[PDB]
Amino acid sequence: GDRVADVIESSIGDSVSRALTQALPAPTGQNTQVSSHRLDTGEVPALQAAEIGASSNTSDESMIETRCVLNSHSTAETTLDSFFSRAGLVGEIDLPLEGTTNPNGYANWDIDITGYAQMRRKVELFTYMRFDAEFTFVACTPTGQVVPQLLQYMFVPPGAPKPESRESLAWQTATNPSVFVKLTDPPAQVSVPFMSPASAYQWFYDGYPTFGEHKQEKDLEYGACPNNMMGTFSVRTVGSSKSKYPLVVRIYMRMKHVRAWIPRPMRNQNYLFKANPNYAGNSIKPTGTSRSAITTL
Amino acid sequence: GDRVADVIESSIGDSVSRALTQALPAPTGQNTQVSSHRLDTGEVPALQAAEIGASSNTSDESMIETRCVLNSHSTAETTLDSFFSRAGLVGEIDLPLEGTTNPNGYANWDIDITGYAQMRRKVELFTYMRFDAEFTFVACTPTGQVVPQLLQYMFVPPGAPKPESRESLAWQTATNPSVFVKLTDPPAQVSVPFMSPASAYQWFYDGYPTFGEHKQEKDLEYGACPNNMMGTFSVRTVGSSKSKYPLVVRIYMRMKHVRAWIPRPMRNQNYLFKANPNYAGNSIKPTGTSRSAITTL
Amino acid sequence: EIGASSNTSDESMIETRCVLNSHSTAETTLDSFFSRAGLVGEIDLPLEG
Amino acid sequence: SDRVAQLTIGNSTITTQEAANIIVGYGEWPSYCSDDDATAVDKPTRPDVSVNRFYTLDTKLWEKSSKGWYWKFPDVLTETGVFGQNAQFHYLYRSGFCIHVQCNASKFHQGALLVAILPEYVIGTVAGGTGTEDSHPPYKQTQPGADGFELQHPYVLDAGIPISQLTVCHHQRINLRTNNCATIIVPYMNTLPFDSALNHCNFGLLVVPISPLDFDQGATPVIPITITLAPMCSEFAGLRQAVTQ
Amino acid sequence: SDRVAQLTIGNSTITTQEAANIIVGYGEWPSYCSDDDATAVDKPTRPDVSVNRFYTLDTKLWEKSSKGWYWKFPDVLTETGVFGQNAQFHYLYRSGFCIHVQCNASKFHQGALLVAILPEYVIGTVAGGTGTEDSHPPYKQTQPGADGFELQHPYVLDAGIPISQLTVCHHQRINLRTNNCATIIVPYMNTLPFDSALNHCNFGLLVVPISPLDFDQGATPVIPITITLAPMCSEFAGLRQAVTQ
Amino acid sequence: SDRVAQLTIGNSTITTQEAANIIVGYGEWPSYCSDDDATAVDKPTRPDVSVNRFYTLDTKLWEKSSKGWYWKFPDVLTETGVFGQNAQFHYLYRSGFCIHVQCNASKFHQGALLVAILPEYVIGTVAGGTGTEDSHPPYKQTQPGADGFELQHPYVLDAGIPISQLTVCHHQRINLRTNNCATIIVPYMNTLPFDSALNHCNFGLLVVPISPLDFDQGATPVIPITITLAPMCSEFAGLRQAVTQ
Amino acid sequence: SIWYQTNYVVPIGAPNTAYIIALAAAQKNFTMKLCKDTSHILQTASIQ
Amino acid sequence: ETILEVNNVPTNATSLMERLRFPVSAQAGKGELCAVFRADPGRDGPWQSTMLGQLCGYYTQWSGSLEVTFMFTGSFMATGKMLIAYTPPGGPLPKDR
Ligand SMILES: CCCCCCCCCCCCC/C=C/[C@H](O)[C@H](N)CO
Ligand SMILES: CCCCCCCCCCCCC/C=C/[C@H](O)[C@H](N)CO
């Protein structure tokens, strides 16, 4: 039991989060109210102190004579579902016959949705995002031709054996999930849960995963979060022999049940690499367009 | 406020001292009760485990057939008042005319009662002792002759100026306490309080008072507690000129209102120094007398 | 510049505990500070001089 | 009533007579880890006053030709005081912060600094300039400590993201004609309830001049910027030997 | 029911199957400093599990020709773990202790050790042998640390006081035919509510063989003595830079 | 609300826009003599507005090489107005005072003055320097009037007592970057209920620069100090011819 | 100890140097004990 | 509150009023040291000038908290920030801020 007064009157162990703000409903845009003229002293709503770090609480009712406007413009399309529940390209796998890419008939793809700029810049608006997903696989020939071929889409989680071939033993999918499809069918579409050991994925990780000295050898590890390495996507031509059709598998991901935290500045520079916020330092481009002078247009 | 359960269910800040024992009254020695013969199993009060570190709880009622003895022997003379409220020599100051000891007519005595073995071995039975005292000054000539001389016994606390002479300015006793006496009078007798900045004096101090490196130079500081340096006793012949009588001041201290803590082993070796538990390592003497053999007397 | 002394306490400058003080202000009174005999005069009565 | 502030935590106290206000980050004050959010079962140590107190790191000089500086948290306190020993002796760590930045100048001085908190401030590099080399930052750039590091390209924050949208995080301004202190209170922000203090840095602290310092010849040309910061609601768990990195 | 014991404090746990009992020193369990006994006004830090835990110092060998060893508290933990950093970073210190001494031997081994706690164990010296030199002990004898120091004259405990009256303090015995552990729980004992841990040592811990070790040629001749100790109800106050001595 | 003050007594009025506060001396406002404290039986004259009003003495210049000045009360008003006629025509005198000191400077000026009230400010002398001569101060040093007198050794206040302990009396500071007026209200302080105004001075008024005046070449180098003071609750008793000393 | 946190910044025309006056006292929990005679002031003999 | 003579360097009569104020000037911005003194009232140093440090001579044991008030006597236009650190015992003289 607690006897001394500094321990009885202590705020240690206050687990309850003390919040200043509260979320209120805003199904529509705020309505404008009627305003008249103001000719007094002391009350000066146009003057702010931006050094506070807050934003201006000035409205148009206090800057001009306004009318009543009953707004019925909905804020429903700015939600995170409506902004992210839109399938976009996150992956592309090529299965050729001759060449170097994948000349054996199988292809493993380390899952990362940071290889296509248009979906990456949408997620990197936040640093933490938690969601369930819906992946869709659009398979076709280079020319776009639909051909009579069977494939197997195996999810290889981390730790499970990756297939070293088409005739491999990992393809028996006794415990790993798999999808068999013909190219003549609609694209395969499966729903995936939130599968992180953490409470949210994170597109930016300011740190190293491992302890120890950090020399130039193990500097690749900077930024790598194992909580986002969700495993491997594998694909093959179901068969003991060589296929006759070249193939491409394109992967489209749609988020659902989205939560996000901590918005960030948006990428203005061209991406260069996967899971690396590097940029071209010689060819730094300004965020927008330029002028000849500041007094013109 | 406290929210998490490890903080609500915590024994941090329990200032209350949890004691196992309780002091009960023992004004007399314990009475003996009647005992008879015992011829059973299991109950064996003579067998102990001294490895526990406790003392035997065996009584004579369980080892022999005893009678009833109604004891009326009092434990009143073993108290700490009755054991320490007995004046003993703690100091001796010589004031000669010619020589080296104190040839000017004043003498300062750093107060320490550890210069006489018979009162020191009584206090060093404990490590902490808190008490008020009663000092008594028996002044006389070397031969014991009482002579017509006036003296001044000034208490010089720590920080106050010590007198560098008989004609000094410190003797004006405007704020320091003093006692003027003739040798023809009864010995001066004053009562003194507990004057430590601590809660008790301490005859043993396992430590150094100062921080820093501890080389062979500042090794005198080992054992020194400034909480026991109660100041200086000063004495002079009240006069501007030289006295005609040699003098000795002998100091006798009687403790009252005594409290003591943490008993120790008692000194068996001859003391050598003041506030130093040194001993003669070559001539280590056993604690008691010896024999020719262990089967004889 | 007001000419007063600071009314700042240690409860407002650091995180402090409770201390139940029992230190008495009885020895700073003017009796205890002045009711102590001291030399105020000295008179010499010699024979020659 | 709003330009004066005293911040007392621990054995430490800051005064300011020329403040703006206090920014409480994401409207959450720092807190302790609840039993629902917790997963580790060891009892954490909560040293109230020996680690939750203001620490003063160093002093950067605002010159004319300045570009900016960043500091990474909690890397700034992993070699400092009792915090940087509990953090080395333990494996897990949880805390908020109160950051407080100081820059004093006269009334004849002009300039502005953006003082912002960027979570998970991952550091990119110029990629050889051409963008072909997949270069990486060294350890003395991602965890630079109390000395901080000087931004090479503060327009993109050395991460390809524009400085102009950085007010979407926490921030204050130090406008020398209005204020000389900037106080931000940050809660613990991570996907996990605890994490390592030596491997992972939760956020960065950017100090960038948007408007450049100017004065006429005769005024005090040394205008220092001093970072002063206090942990809040600190918690440590998982005790073993002291390792520094 | 009495020969078995498990001592759990912190992240640490000791088992014993061949115990005697636990000695609670002077019938007082360790406690925290009350507001009546306190004089210093700063808030003390009370780190529950990071300093109140069992620490293992070293291992002395019980040979035939042994004389004894002593260790001084809290000097044994001023360079060890989180305790020895809070103690260096702070000026004041208050704690109890649970000491636990280990010596294992067979049933064909015989011997006894007196394991005792002597408060304010001031160390004297031989004074030149003749008693004329006012010699003094060096720093590596009064504060010898976790290594401890070997008694020169254990009859007088190198202080002129007899070993035979040392059972008036706390003690246990390790009789190898009865027990192999000795557990003493010590409260904070001082005239003051707090004190320095580097300058002042509250008590000593003596381990002396009264009965000598003996065995026949063929048995395990290495009989180690291991000291293992846990602070209890620790408290630190007055924070400044880390000084070691 | 506290930096502005108007002091109205009589036919006189002072404004200040840059004040600190008013010091009320020893927590006693001036009062009239009660019938219990009184011993003299004559009826005293109490001229309300003709003597209780602000009088302006003279103007001292604060230079760089200044040391300090003192003025003795009521000697400053024994040749001035209606007060200095009632005081000459009568034998007895009782009054409080409101002293008000003025020193104006710019915001580019720095310096501090200690403005203090020292009761029974007896004036000692250097005693020949060697301390053998038992010299004495002349009349134009102990009662110097409205002109005041320049301190020779302001460290000891020309009385062997340190300036540093002078805040134990009434005081204010004039810190030029904070205030330009210093207002002290003094009651009648004497062992007697009335006394002579020409023979006995109740207190002195010290104006000493602790921090020296400094400015750069171009600013107004004449920084005057002006003493302005008002009697309060004045009372005169025992009427006879007018004698000046 | 007193340390410069940022700097002593001054504009042109004002003086480059100032001074700080320290003022020391005690708090409401302060007490003294065991009255004595003072040591840090002493008198050369032969007064008057 | 009475004046604490921190700058107790000068001794000549010409410059004994300099002991009541200590300087603060323009530096290079390296966290430099202005002044350092002991918090001991009875010890022979700056506190001897105070009424506390003279009435403590007449007493042997003291307890309780102290209070040091520093006033800036510069221009209205001069700005600055300073760190005033109390170092409890054991702590040697800090070499840096
Ligand atoms: C036939 C079964 C196929 C199912 C495959 C679904 C894979 C599930 C993964 C979805 C989660 C993706 C999250 C990715 C995060 C980022 O790429 C990482 N932070 C890497 O930068
Ligand atoms: C005329 C007035 C004379 C009064 C002098 C009385 C002095 C009071 C001192 C009494 C306390 C003595 C305690 C001494 C303790 C030991 O000597 C120290 N621990 C030194 O070893």
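Nothing in this text is a laboratory measurement; each read-out follows from the coordinates by a stated rule. All Cβ positions, even for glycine, are placed from backbone atoms using ideal geometry, and neighbour counts span all protein chains on display.
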Review point. Does the range B:242-260 contain any residue that is closer than 26 Å to E:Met189 by Cβ, of a type in the set (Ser, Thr, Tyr) and more than 18 Å from the chain's Cα centre (by Cα)?
Key: no
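On the given criteria, is A:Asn31 over 32 Å from the mean Cα position of the chain (by Cα), in contact (Cβ under 8 Å) with a residue 60 or more places away in the chain and either more than 14 Å from every other protein chain (Cβ to nearest Cβ) or exposed (fewer than 14 other Cβ atoms within 10 Å of the Cβ) (or both)? Working first, answer last.
Values: over 32 Å from the mean Cα position of the chain (by Cα): yes; in contact (Cβ under 8 Å) with a residue 60 or more places away in the chain: no; either more than 14 Å from every other protein chain (Cβ to nearest Cβ) or exposed (fewer than 14 other Cβ atoms within 10 Å of the Cβ) (or both): yes.
The answer is no for A:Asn31.
Would you point out which residue out of E:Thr178, E:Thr130 is touching a residue at least 24 places away in the same chain (Cβ under 8 Å), among the hydroxyl-bearing types (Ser, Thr, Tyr), surrounded by fewer than 23 Cβ atoms within 10 Å (Cβ to Cβ) and within 7 Å of chain B (Cβ to nearest Cβ)? Full working, then the answer.
Details: E:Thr130 fails: touching a residue at least 24 places away in the same chain (Cβ under 8 Å).
The match here is E:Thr178.
If only one of F:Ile185, F:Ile174, F:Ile161 is touching a helix residue (DSSP H, G or I) at 6+ places or on another chain (Cβ under 7 Å) and either β-branched (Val, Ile, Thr) or assigned to a loop (DSSP other than H, G, I, E, B) (or both), which one is it?
Working: F:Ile174 fails: touching a helix residue (DSSP H, G or I) at 6+ places or on another chain (Cβ under 7 Å); F:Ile161 fails: touching a helix residue (DSSP H, G or I) at 6+ places or on another chain (Cβ under 7 Å).
None of the others qualify; the one that does is F:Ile185.
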Check your understanding: Somewhere in the range E:224-243, is a residue buried (at least 23 other Cβ atoms within 10 Å of the Cβ), hydroxyl-bearing (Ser, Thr, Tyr) and not in a loop (DSSP other than H, G, I, E, B)?
Key -> yes
Review point. In the range F:87-98, is there at least one residue being of a type outside the set (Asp, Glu), outside any strand (DSSP E or B) and over 19 Å from the mean Cα position of the chain (by Cα)?
Key: yes
Check your understanding: For the range F:48-62, how many residues are surrounded by fewer than 15 Cβ atoms within 10 Å (Cβ to Cβ) and in a loop (DSSP other than H, G, I, E, B)?
Key -> 0
Check your understanding: Do we have any residue at all in the range B:121-144 that's surrounded by fewer than 15 Cβ atoms within 10 Å (Cβ to Cβ) and of a type in the set (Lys, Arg)?
Key -> yes
Exercise for review: Check C:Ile14 against each of (1) assigned to a loop (DSSP other than H, G, I, E, B); (2) within 13 Å of chain B (Cβ to nearest Cβ) and name the one condition it does not meet.
Suggested key: (2)
Check your understanding: Residues in the range F:226-238: is at least one over 18 Å from the mean Cα position of the chain (by Cα), small (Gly, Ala, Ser) and on the phi > 0 side of the Ramachandran plot?
Key -> yes
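Tell me which residues, restricted to the range B:227-248, are within 11 Å of ligand 2 (Cβ to nearest atom) and closer than 30 Å to B:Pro148 by Cα. Give the derivation first.
Just the residues of the range B:227-248 that are within 11 Å of ligand 2 (Cβ to nearest atom), to begin with: B:227-235.
Matches in the range B:227-248: B:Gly231, B:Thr232, B:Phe233, B:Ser234, B:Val235.
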Check your understanding: What residue, among those in the range A:201-226 that are touching a strand residue (DSSP E or B) at 6+ places or on another chain (Cβ under 8 Å) and on the phi > 0 side of the Ramachandran plot, is nearest to ligand 2 (Cβ to nearest atom)?
Key -> A:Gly207
Review point. Tally time: how many residues in the range D:94-112 are in contact with a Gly (Cβ under 9 Å, 6 or more places away or on another chain) and within 13 Å of chain A (Cβ to nearest Cβ)?
Key: 2
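Could you check, for the range G:18-37, whether at least one of its residues is at positive phi, in contact with a strand residue (DSSP E or B) (Cβ under 8 Å, 6 or more places away or on another chain), free of Cβ contacts under 8 Å to residues at least 60 places away in the same chain and at the interface with chain H (Cβ under 7 Å from one of its Cβ atoms)? Before you say what the answer is, go through the steps one by one.
Restricting attention to the range G:18-37, the residues satisfying the condition of being at positive phi are G:34.
Now drop any that are not in contact with a strand residue (DSSP E or B) (Cβ under 8 Å, 6 or more places away or on another chain), which leaves G:34.
With the extra rule that they be free of Cβ contacts under 8 Å to residues at least 60 places away in the same chain, the set shrinks to G:34.
Checking which are at the interface with chain H (Cβ under 7 Å from one of its Cβ atoms) leaves us with G:34.
Checking the range G:18-37: at least one residue is at positive phi, in contact with a strand residue (DSSP E or B) (Cβ under 8 Å, 6 or more places away or on another chain), free of Cβ contacts under 8 Å to residues at least 60 places away in the same chain and at the interface with chain H (Cβ under 7 Å from one of its Cβ atoms).
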Review point. Which number in (1) in contact (Cβ under 8 Å) with a residue 60 or more places away in the chain; (2) away from every other protein chain (no Cβ under 12 Å); (3) among the polar types (S, T, N, Q) marks the one condition that E:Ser65 misses?
Key: (1)
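Among B:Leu20, B:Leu47, B:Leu24, B:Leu70, which is surrounded by fewer than 10 Cβ atoms within 10 Å (Cβ to Cβ) and over 25 Å from E:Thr167 (Cα atoms)? Steps first, please.
Numbers: B:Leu20 fails: over 25 Å from E:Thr167 (Cα atoms); B:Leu47 fails: over 25 Å from E:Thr167 (Cα atoms); B:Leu24 fails: over 25 Å from E:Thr167 (Cα atoms).
From the options B:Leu20, B:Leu47, B:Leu24, B:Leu70, the qualifying one is B:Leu70.
Residues are listed down the side, and each one gets a yes or a no for (1) away from every other protein chain (no Cβ under 14 Å); (2) within 20 Å of B:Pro263 (Cα to Cα); (3) in contact with a strand residue (DSSP E or B) (Cβ under 9 Å, 6 or more places away or on another chain); (4) within 13 Å of ligand 2 (Cβ to nearest atom):
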| site | (1), (2), (3), (4) |
| --- | --- |
| B:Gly99 | yes, no, no, no |
| B:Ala117 | no, yes, no, no |
| B:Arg121 | no, yes, no, no |
| B:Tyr128 | no, yes, yes, yes |
| B:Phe135 | yes, no, yes, yes |
| B:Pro142 | yes, no, yes, no |
| B:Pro148 | yes, no, yes, no |
| B:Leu151 | yes, no, yes, yes |
Study note, to complete from the structure: Expected output for the range D:150-174 (first residue more than 7 Å from chain A (Cβ to nearest Cβ), partner of a type in the set (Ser, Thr, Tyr) and buried (at least 23 other Cβ atoms within 10 Å of the Cβ), Cβ below 6 Å, 6+ apart or cross-chain) is none
Practice item. Report those strands (runs of 3 or more DSSP E) wholly inside the range A:78-164 carrying at least 1 residues which are of a type in the set (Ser, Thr, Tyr), within 12 Å of ligand 1 (Cβ to nearest atom) and touching a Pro at 6+ places or on another chain (Cβ under 8 Å). Key: A:126-140
**Study point:** Any pair with Cβ under 9 angstrom, 6 or more apart, that starts in the range E:209-235 at a residue that is closer than 16 Å to E:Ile174 by Cα and ends at one that is β-branched (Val, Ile, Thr) and not in a strand (DSSP E or B)
**Key:** E:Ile210/E:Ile163; E:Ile227/E:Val76
Review point. Name the pairs whose Cβ atoms lie under 9 Å apart, with the first residue in the range A:152-163 and without any contact (Cβ under 8 Å) to a residue 60 or more places away in the chain, the second within 14 Å of ligand 1 (Cβ to nearest atom) and small (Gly, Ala, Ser), and 6 or more positions between them or separate chains?
Key: A:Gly159/A:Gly231; A:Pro161/A:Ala170
Practice item. Looking for whichever is hydrophobic (A, V, I, L, M, F, W, C), within 13 Å of chain B (Cβ to nearest Cβ) and not in a loop (DSSP other than H, G, I, E, B) here; the options are E:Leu205, E:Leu192. Which one fits? Key: E:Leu205
Review point. Taking the range E:1-36, which residues are more than 7 Å from every other protein chain (Cβ to nearest Cβ) and surrounded by 16 or more Cβ atoms within 10 Å (Cβ to Cβ)?
Key: E:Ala5, E:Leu7, E:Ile9, E:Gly10, E:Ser12, E:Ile14, E:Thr16, E:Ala19, E:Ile22, E:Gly25, E:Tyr26, E:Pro30
Review point. Regarding F:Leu118, is this residue aliphatic (A, V, I, L, M), more than 17 Å from the chain's Cα centre (by Cα) and surrounded by 16 or more Cβ atoms within 10 Å (Cβ to Cβ)?
Key: no
**Study point:** Search result, residues across the range D:5-47 that are within 26 Å of D:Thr167 (Cβ to Cβ) and assigned to a strand (DSSP E or B)
**Key:** D:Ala5, D:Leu7, D:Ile14, D:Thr16, D:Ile22, D:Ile23, D:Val24, D:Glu28
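Can you find a residue that is over 29 Å from D:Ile174 (Cβ atoms) and surrounded by fewer than 21 Cβ atoms within 10 Å (Cβ to Cβ) anywhere in the range D:92-106?
Looking only at the range D:92-106, we keep the residues that are over 29 Å from D:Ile174 (Cβ atoms), and these are D:92-94.
When the remaining residues are screened for being surrounded by fewer than 21 Cβ atoms within 10 Å (Cβ to Cβ), the result is D:92.
Yes.
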